[PDB]
Structures are given as C-alpha cells and as structure tokens.
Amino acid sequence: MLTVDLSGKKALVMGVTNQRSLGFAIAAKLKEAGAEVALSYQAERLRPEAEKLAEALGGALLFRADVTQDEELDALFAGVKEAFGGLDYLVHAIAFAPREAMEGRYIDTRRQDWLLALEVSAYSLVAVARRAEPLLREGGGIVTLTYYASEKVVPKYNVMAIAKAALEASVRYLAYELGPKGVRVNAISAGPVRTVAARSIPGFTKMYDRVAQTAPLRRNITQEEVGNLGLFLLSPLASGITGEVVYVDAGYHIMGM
C-alpha cells in the first residue's frame, strides 16, 4: 500500500462556485491528503456557497478576488503570505466568456467580449504566477484547467477555444521561468463535466452525449477523476513532470471521425 501524505503543505485554489466545481474536486483531494487549504471566490454573491464549501472540507481559509482587478490580486497574495508564510501549491480553475460570444459564430465576436474572455481565462494565470513566485517553495507547483477545443474545432465553444490555446502556451513559458527554483507548472485537459460554467455553454449536452458514445471508455469522466489528476501533478510523485498538458477525457481526444 502506497500513501500520498501532504501534511505540512500549503495550498491555494482559485475559482470555486459550488460542490460541482472542478476546482472544488481538486481542493477536496488535497485536503484529504493532509494539506492546509485556502479557497478564493469571485464576488460577494458567492460567499454563502463558499462558506458551505469550507464547511464540507472540514475547514478552509476563504478570500475574495476578481482576477480582472490587480489590487484585489495584491491583497490576496499579501493575505496568503501572512496566513501561510509561504506556499507549496496553486490551482487555477478560472474561466469566463460573455454569453453573447458563446452563441453563434466566432467570426462575429465583438472586440470587448474577446478581450474580456482572454483577460479572465489566460492572462489571469500570468498575474497569479508572478505574485506566487516569491512565496512558492522548492518542490512546489501550479496547475490549471484546459479543454481540447484549443487543438480542434468544437462548434459554439468559440473564443474560449482561443483563450485555452493562449493558456497552454503560457503554461510552457512559465515552466521554463520557474523551473530553476524547483517549481513545476502543468495543465489538466478535462472532458465535459456538469458544472455551472459548463451548462451555460449552449453546446454542452450535445457534446456530453457525443463523448459518451465515441470515447474509448464509452462514458464521460467524473469530477473525482479530475481531482485525482490534480493531486498527482502537485504531489512529489510527479517531481520529474513540468510543462505538460495531461488529458483526463476517457480518451475522447485520440479519436478520429
């Protein structure tokens, strides 16, 4: 029997909304492994759900932070230094595109919608990585979440496909710059899962149904399958792995037709 024991480790998970959140799936696994966890949530409307999540984890520190505001980000990381002293793990589970941009055609996307989508969904990784750098200890790491439409055309996913391409490229450049300090940076490419952010997408049930009928495992993945991969990548079992996009999608992405 092998064990993963993260007692003594300090983790920050950004982007929790409810118990179906993929960020919450990872936090739950890190907690279960023995890490001390903090969560950040977007806005005050979400605080009561976030309190429910800290309760479900059996205890978590909570912070509010909108990633479009640099001063809210400075406050988050000063708060982390005071509450933790330093940091081992950072999970980035944040994305957004305007509903107007996600129906219809990518070619028809308005300038300010496209810019907002890229700002929240890709630049936010660079912003949080810069601020985490002085805190992050040797052996520490950052993990983000992505999707296959960065590589191949999924109708209706539109500007989000382009933001995910920008995020994956940022993962590689950040792995190069943080590696000399012993810090790793990786991405998880998840298959469809029923979440707040996912079901708002107009394509969702159509692709959810397609995956189950075409993927090698003949089913969709679960949020727990994403949590286990995040746990592994952050843990010392993954100490030779940096700069990587790892797929947890029941093999859907390897299929043609």
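What we label the rigid core is the largest C-alpha set whose atoms superpose within 1.5 Å from one form to the other. All residue numbers are counted from 1 along the displayed sequence.
Peer 1: Between 47-55 and 212-220, which one strays more from this form in 4 other deposited structures of this protein if you match the rigid core and compare Cα atoms?
Peer 2: Most displaced of the pair in 4 other deposited structures of this protein: 47-55.
Peer 1: Determine if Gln42 is unmodelled in a third or more of the other PDB entries compared for this protein.
Peer 2: Across the compared entries, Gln42 is modelled every time.
Peer 1: For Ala197, does the count of other compared entries lacking it reach at least a third?
Peer 2: Comparison shows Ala197 dropped in at least a third of the other entries.
Peer 1: On average, which has the higher Cα B-factor in the deposited entry, 193-201 or 215-223?
Peer 2: Comparing 193-201 with 215-223, the higher average CA B-factor belongs to 193-201.
Peer 1: Highest mean C-alpha temperature factor of the two stretches 14-22 and 233-241, which is it?
Peer 2: Going by the record's values, the stretch with the higher mean is 14-22.
Peer 1: Tell me, please, which of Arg172, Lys181, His92, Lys152 has the highest C-alpha B factor according to the deposited entry?
Peer 2: Max CA B-factor in the entry, restricted to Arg172, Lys181, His92, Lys152: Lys181.
Peer 1: In terms of recorded Cα temperature factor, pick the maximum from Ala27, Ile188, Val67, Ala54.
Peer 2: Highest C-alpha B-factor among the listed residues goes to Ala54.
Peer 1: Comparing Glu177 with the other modelled residues of its chain, is its CA B-factor in the lowest, middle or highest third?
Peer 2: Middle third by C-alpha B-factor.
Peer 1: Please place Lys164 in the lowest, middle or highest third of its chain by C-alpha B factor as given in the entry.
Peer 2: Tercile = lowest for this residue's CA B-factor.
Peer 1: Would you check the entry's CA temperature factor for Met255 and let me know if it's in the chain's lowest, middle or highest third?
Peer 2: Within its chain, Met255 is a middle-third residue by C-alpha B-factor, going by the deposited values.
Peer 1: Considering every modelled residue of the chain and its Cα B-factor in the PDB entry, is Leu87 in the lowest, middle or highest third?
Peer 2: Middle third by C-alpha B-factor.
Peer 1: Of the three thirds of its chain by CA temperature factor, lowest, middle or highest, which one includes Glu138?
Peer 2: For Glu138, the deposited C-alpha B-factor lands in the highest third.
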